[PDB]
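A.B. asks: Provided herewith is a single structure, encoded as C-alpha cells, for subsequent inquiry.
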Amino acid sequence: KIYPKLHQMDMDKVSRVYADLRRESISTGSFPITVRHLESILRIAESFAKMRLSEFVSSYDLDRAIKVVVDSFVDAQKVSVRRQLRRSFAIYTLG
Amino acid sequence: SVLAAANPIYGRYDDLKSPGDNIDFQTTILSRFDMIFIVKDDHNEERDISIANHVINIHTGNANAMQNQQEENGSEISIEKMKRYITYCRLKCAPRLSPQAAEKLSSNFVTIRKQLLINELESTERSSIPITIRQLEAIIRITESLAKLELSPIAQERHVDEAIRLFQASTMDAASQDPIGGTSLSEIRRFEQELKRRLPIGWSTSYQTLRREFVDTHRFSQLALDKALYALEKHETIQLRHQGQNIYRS
Amino acid sequence: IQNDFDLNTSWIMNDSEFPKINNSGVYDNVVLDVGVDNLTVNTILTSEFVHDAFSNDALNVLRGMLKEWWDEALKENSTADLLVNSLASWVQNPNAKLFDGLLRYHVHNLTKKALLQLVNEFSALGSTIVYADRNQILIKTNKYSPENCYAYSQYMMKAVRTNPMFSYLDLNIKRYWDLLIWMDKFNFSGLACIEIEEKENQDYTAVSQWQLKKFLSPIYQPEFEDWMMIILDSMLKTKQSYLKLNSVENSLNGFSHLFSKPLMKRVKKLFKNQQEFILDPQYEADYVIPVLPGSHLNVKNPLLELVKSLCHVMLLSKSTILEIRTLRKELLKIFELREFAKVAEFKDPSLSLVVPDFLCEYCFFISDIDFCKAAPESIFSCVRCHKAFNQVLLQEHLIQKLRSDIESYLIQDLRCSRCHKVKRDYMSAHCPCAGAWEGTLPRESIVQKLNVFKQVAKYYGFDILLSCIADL
Amino acid sequence: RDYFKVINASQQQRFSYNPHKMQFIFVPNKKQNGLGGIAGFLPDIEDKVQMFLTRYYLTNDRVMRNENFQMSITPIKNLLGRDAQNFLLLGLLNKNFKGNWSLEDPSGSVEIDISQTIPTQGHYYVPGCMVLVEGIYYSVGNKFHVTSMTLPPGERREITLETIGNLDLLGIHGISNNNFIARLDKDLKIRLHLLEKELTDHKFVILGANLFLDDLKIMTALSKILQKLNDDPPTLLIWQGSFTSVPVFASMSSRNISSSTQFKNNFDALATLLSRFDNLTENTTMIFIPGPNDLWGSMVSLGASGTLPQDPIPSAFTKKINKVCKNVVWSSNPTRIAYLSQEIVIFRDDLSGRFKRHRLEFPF
Ligand SMILES: [Zn+2]
Ligand SMILES: [Zn+2]
C-alpha cells in the first residue's frame, strides 16, 4: 500500500556527494562509480521512508541513506587510505 | 536497419591498453557497420554536477511539469507526430546527388584513405577498424538521408558538410584514436635532456630552427614531431602559442 | 625593423604581472615577518638557438659595470650608492635612452627565478611559506614561544646571507606573530610583538585589518568587531591552557565551547530586532547596504552575511572543521534555511584590480597597488614614505592597462573544443575532428573588467578615464 | 556647399557577403539595436574566422566576373588524386608552421615550388596576397612546381556597380536596412550636372603628413600658409599626419610637464593661431586625421604600427578647437567622404618600406 514521495530533499548535498564519489574512485583507486549509484541512494531513501509507513521522504531518511552508501564505499579500500577517506567524507554525515 | 549495443573487453575501454585487443569483432562484421561510436566515461566534476542535477530534476516530482512546457513553446514535438512525419518522408522523398558533391566526396575519401595508410605505416600492424568502399557508400547514404529530412529533391553542400562532420566524429573517435598505442625510447630520453639543457624556463625558440638542427643531427624530422606533441600533451612545461611557431616553455 | 608590429615583442612588453603565494589558515606557531631589499641588483650580479635571448655580451658588460659600482660605493662614495639605487628605476623606465624591452623581460624573468630559488632555500629547513612577494615574506617557525626564536632566527638570517647566491640581500625582521588568523594580505588578525626582549615579558598588541567589515550593514559592524575580539581572546586562552598542560593540534581544539550559547542568544535577539524594525521608515537608515568599488553581490538580509562572514573566518582553522560545521548548522537553524543551500555559501564581496610596478621617485621603490581592495589614504601615498602620488599618472596608467587589455583580447588565439589543439589554419570551418573553435580569452571576463573600470572611475573623481571610456 | 557628408570607419554601414546566392547582405548595427551601455564595440569570436572567408569570396567573385576567365580554376583539395597535369589555382600565399611557402584554400592547402617561377613584373609579391598560380602537380611529395605567378586583374567602378544596380552603400539620398534594399540612379546625372557647375569655387586643399605642433619652424611655415589662405578660404581643409613628434605614453617623472598635459597644450596654441584668420575659420571646415603615434595608438604601440581602424582624437584634448572654429571634424585613419557625385578615401600610413622590406625573393 505505501508509496513514498520525494519533494523536499537537498539538491546540492546529493549532487556534491556524487561529484565527490566520482572524484577519488577510479581516479585514485579501482572501484567503479556511475550514475546508477545516485539512483541507488534515492531508492534507499525511499525504502527508509517505506519502513515508517510514510508517504513522503524526510531529511533523516536521506541522511541514513547517504551514510550507508558512503560507509559501504569507504569500507572497501586498502588499509593505507581508509582512515584518510573516513576523515575526508565526515562532512556529509555529521548528523 | 540494425542498431547494435556492445561492450568492449575488460569492461571499461582501458585506453592504456592497445586498441587492437579491446574489441573482439572481426574485420568482416565491422565493415558492414558504418557508424561506430565509442562512448567513454570522463570525470571533471562540472559535467558530473550537470548530470547529477539533470537526473535529480528528472525524478518524476519535477520533470512532469518542465517537459510539458516543451510542448507549449514549440521546442519539441510528440512521438506520434514524429512517427507520422517519418513515414510520410519515407513514402514521398528520395533525393539525389550533384557533381560538386560527388567531387567533394571523392576528395574526402582519398584523404581519409591516405591518412589511414599513414597511420598503418607508423603503427606497423593492421588497423582494427577498416576503411573500404562501403564507407564511401555509407557517407553517400548519410548525405541522402540528411537531404531527405527537408524533402529536398537534390542534395547539396549544406548536407554534405554535416555528413562529413558526422563521419569525421565517428572516425576520429574510434579508428584513428591513439594509433601509436602509447629507435624506441632511447632517443626520447636523449631529446628531453637537450630541451632542458638548451632552452630554459620562460624563453622560446622557433619551430623551424629546432627542426633544422635536429634533422642535421641523427634525430631527423619524423622523431621530433611525435614527442613534440607528446610533451605538449604532457603540458607540464611546454606550451604552444602564436600558430605553430612559438615553442613556449611553461 | 622595430617599427613593425610583431607578436613576440607585443607579448614580451605587456607581461609585467608578478605572481605571489598565499596559503590561508590559522597558525598557533610563531611567524616571522621579514623584508627583502636590493633584490634586483643581487639578481643582476649573481646570474642563436633561443631567439628571445638578450645579448649576453651586454649583460656581462653591465654586470662588470655594476660590480665596480658596488666596490666603489663600498669605499665611501655617495654618488656611486645613489647611482646604484637609481639603476633599477633606469632599467624599468623606457623614457631613458638606450632602452630595450628584451633586457627588461630578461631581468624580470631572472628576478622571478631568484625569488623562487629563495623560497626553495627557505623551505629546505623547518619552515612554512605563508606569503611571498618582492618585498615581504612570511615564514612559519616550528617553535611555539617568541622568546625562544632569537638564535634560531638570527642563525637562519646568517645562513641565508652567507650563501654566495644571496650575498647581496639585505634581510630585516619586522614583527613576530604569537597567533595569526591569515586569509589574505588585506584580511588578517592576530597578536604580535615588535621585538623580543630579555628578562621581560614582551609587549603584545592585537591588530584587526578587515576590509570585509566595510561590506556589512552600519548596524552589525560593532557586533562583528566585538565577536572577532571575543573569539581571538578565546583562542589565546585555549592555546595558553594547552601549553600550560604540557592534522590535529590540541592548542586550539575546543575553543568554540566558551561562547556558543551567548552567540546563539545574541543571534536570536538580532534576528528578532531585524524582523521587527526592517520595514519601519525611520529605522531604515542603519539597514542601508553600503556600495564600494568592486562590489558585485546583490544581497537582501544583512544578518545572513554577518553570520556567513563570522563562520567563514572560523572555517580557516583546517583542524577543528567538524565543530565549526556543527556551529554553522546550528546558526543556520535560526533561519529557515538548510545546510547546503546556495544562499548560505560565502563568497568574496569585492573584486580585484591591481596595477603592477608603480614607482615612487622619492624612494626608487617598486610595488603593486590594488585600486579596489586597498583602503584609501594608501592609494595616494607611497608605502614607505608618506609622499602624495600624482593623480594624472595614476589615471594614465589605468588607461594604459585598459588599452593593453583590449589589445591582448583582440590578439588572442583560437582553441578547439574537444581536443585543445591550437588553430593552425588561416581559414577553416572547424577542427578536423568534431568541435568548433573557441577563444582563449572569454568575453565575460573582459566585460566584467570593463564594468569594474567603470565602478573605479565612478567612485573617485577621474574625468580623463571617464572620457576614455566614453570615446568607445 | 550642401548635400555631401564625411563618414568615418566607426559609423560605416555593415554589409556582409554570401557566396551561394552572390548578393551583399545588410547586417544590423550593434549601436542602433543593441544597448551599448557598458561594452558593445567588442566583436564576437567568429568574425576573425569569417573575415578571410569573406575576402576570399569577394576576390573569387571578382576573378570569375573577368572577361578572360569564363580558364576554370580548381580547388586545392581536388589536386590530391591526379598528377602530371597542369592547373590554375588561387589562394592565400603565406608561410606554414614548418617554414615553407604554401597556398591556402577553403578546401585545403598544398606546398609550393619557387625555384623555376617566372612572375608578371610590376607586382609586389608579399605574403598574404591572393595570387594566381600555374604549374604541374607531383605526387612523389606534395610539391606544386610553379611556372608563372600573376596577381588577379581589376575592374572599373561602373561594371562593379551595375551588378548590384546602384546600391546605396555610401547612401546619402537613402539608406538600406534589414527590412528592404534600396537603389537610385535618377538623381545621379542631376548631381553630376550640378557638380559640373560651380566646381572651381568648391575647392578643397590638403597638406603634408607628420606636421608637428611643437617646433617653431613648423608654426612659422603654417602661419605663412595661413596668411596666404585667409583671403581666399577653400571649402574643405584637411589636416593629416602626426601632430606630435614624440609618442605619448606613461610618464615616470612627477617633476616636469606630463605627456598628456603637453599634448593638450600643443592644441591650445592652434586655437590662438586661428584667432587671427577669421575668414578661414568662418568659411572653411577643418578635417583632422590621426597618424601613427597619436594619443590612442602610441599609448600601447609606442609609435610602432598597430590596429588599423584608429579611434579619432579624444574630445578631452580638443576642447578649444571646437569653439574657435564652427566646423571641425575628427575622423579615423581610413575615412570616407561622399560628394555630390564623388567619393573620397584617405589612408595615412607608410607603404613603400612595408612592401620593399617584405618583398618575396625569386631565384633567377
Ligand atoms: Zn616613497
Ligand atoms: Zn578538435
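Just so it is clear, chain C uses Swiss-Prot numbers, and the residues here are 1701-1747, 1777-1975, 1995-2220, in order.
Looks like electron microscopy, 3.7 Å, at least that's what the header says.
Heads up, the Cβ atoms here are built off N, Cα and C, so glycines get one too.
According to Swiss-Prot:
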type	residues	note
BINDING	C:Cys2108, C:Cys2111, C:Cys2130, C:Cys2133	Zn(2+) binding site
ZN_FING	C:2108-2133	zinc finger
BINDING	C:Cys2164, C:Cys2167, C:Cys2179, C:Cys2181	[4Fe-4S] cluster binding site
MOTIF	C:2164-2181	motif 'CysB motif'
A.B. asks: Report, as a single number, how many Cβ atoms besides its own are within 10 Å of the Cβ of C:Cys2108 (Zn(2+) binding site).
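C.D. replies: The answer is 18.
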A.B. asks: List, by number or range, the same-chain residues at least 6 past the zinc finger (C:2108-2133) whose CB is under 8 A from its CB atoms?
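C.D. replies: Residues packing against the zinc finger (C:2108-2133) from afar: 1718, 1814-1815, 1817-1818, 1821, 1863-1864, 1915, 1940, 2041-2042, 2098-2102, 2139, 2142, 2146, 2200, 2203-2204.
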A.B. asks: Could you give the Cα-Cα distance between C:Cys2167 ([4Fe-4S] cluster binding site) and C:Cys2111 (Zn(2+) binding site), in whole Å?
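C.D. replies: On Cα coordinates alone, these residues lie 50 Å apart.
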A.B. asks: Please name which of the binding-site residues listed here, C:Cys2164, C:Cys2179, C:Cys2181, is nearest in space to C:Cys2111 (Zn(2+) binding site), Cα against Cα.
C.D. replies: C:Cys2164
A.B. asks: May I ask which residues of the same chain, at least 6 positions away in sequence, place their Cβ under 8 angstroms from the Cβ of C:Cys2181 ([4Fe-4S] cluster binding site)?
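C.D. replies: Once residues fewer than 6 apart are set aside, C:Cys2181 ([4Fe-4S] cluster binding site) is near C:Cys2164, C:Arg2166, C:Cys2167.
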A.B. asks: Can you tell me the CA-to-CA distance separating C:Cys2130 (Zn(2+) binding site) and C:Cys2179 ([4Fe-4S] cluster binding site), as a whole number of Å?
C.D. replies: 52
A.B. asks: Quick one: Cα separation, C:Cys2133 (Zn(2+) binding site) versus C:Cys2179 ([4Fe-4S] cluster binding site), in Å?
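C.D. replies: That comes out at 56 Å between the alpha carbons.
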A.B. asks: Binding-site residues C:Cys2108, C:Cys2111, C:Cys2130, C:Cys2133, C:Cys2167, C:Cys2181: which sit with Cβ under 8 Å of a chain B Cβ?
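C.D. replies: Going by the Cβ criterion (under 8 Å to chain B), the qualifying binding-site residues are C:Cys2181.
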A.B. asks: Does anything in the same chain, at least 6 positions from C:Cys2179 ([4Fe-4S] cluster binding site), have a Cβ under 8 Å from its Cβ, and if so what?
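C.D. replies: The answer is C:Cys2164, C:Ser2165, C:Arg2166, C:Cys2167, C:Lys2169, C:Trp2185.
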A.B. asks: Counting Cβ atoms within 10 Å of each candidate's own Cβ, which of the binding-site residues C:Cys2111, C:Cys2133, C:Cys2164, C:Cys2167 comes out highest?
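C.D. replies: Comparing the binding-site residues C:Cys2111, C:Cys2133, C:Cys2164, C:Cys2167, the most crowded Cβ belongs to C:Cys2164.
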A.B. asks: Got a sec? Which of C:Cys2164, C:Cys2167, C:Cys2179, C:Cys2181, the binding-site residues, have CB under 6 Å of any ligand 1 atom?
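C.D. replies: Going through C:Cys2164, C:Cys2167, C:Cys2179, C:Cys2181 in sequence order, none turns out to be close to ligand 1.
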A.B. asks: Once the DSSP letters are reduced so that anything not helix or strand counts as coil, what is C:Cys2108 (Zn(2+) binding site)?
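C.D. replies: In three-state terms, C:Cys2108 (Zn(2+) binding site) counts as strand.
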A.B. asks: Can you list which of the binding-site residues C:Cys2108, C:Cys2111, C:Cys2130, C:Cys2133, C:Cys2167, C:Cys2179 have their Cβ under 6 Å from some atom of ligand 2?
C.D. replies: C:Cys2167, C:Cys2179
A.B. asks: Within 8 Å of the Cβ centre of C:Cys2108, C:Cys2111, C:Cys2130, C:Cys2133, which other residues of the chain have their Cβ, at the recorded Zn(2+) site?
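C.D. replies: Counting only non-site residues, the set is C:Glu2109, C:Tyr2110, C:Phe2113, C:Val2131, C:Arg2132, C:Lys2135.
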A.B. asks: Can you name every residue in this chain, apart from C:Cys2164, C:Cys2167, C:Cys2179, C:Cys2181, with its Cβ inside 8 Å of the center of the Cβ atoms of the recorded [4Fe-4S] cluster site?
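C.D. replies: In sequence order, the nearby non-listed residues are C:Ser2165, C:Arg2166, C:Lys2169, C:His2178, C:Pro2180, C:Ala2182, C:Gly2183.
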A.B. asks: What is the three-state DSSP composition of the motif 'CysB motif' (C:2164-2181), stated as helix, strand and coil residue counts?
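C.D. replies: Secondary-structure breakdown of the motif 'CysB motif' (C:2164-2181): 0 helix, 1 strand, 17 coil.
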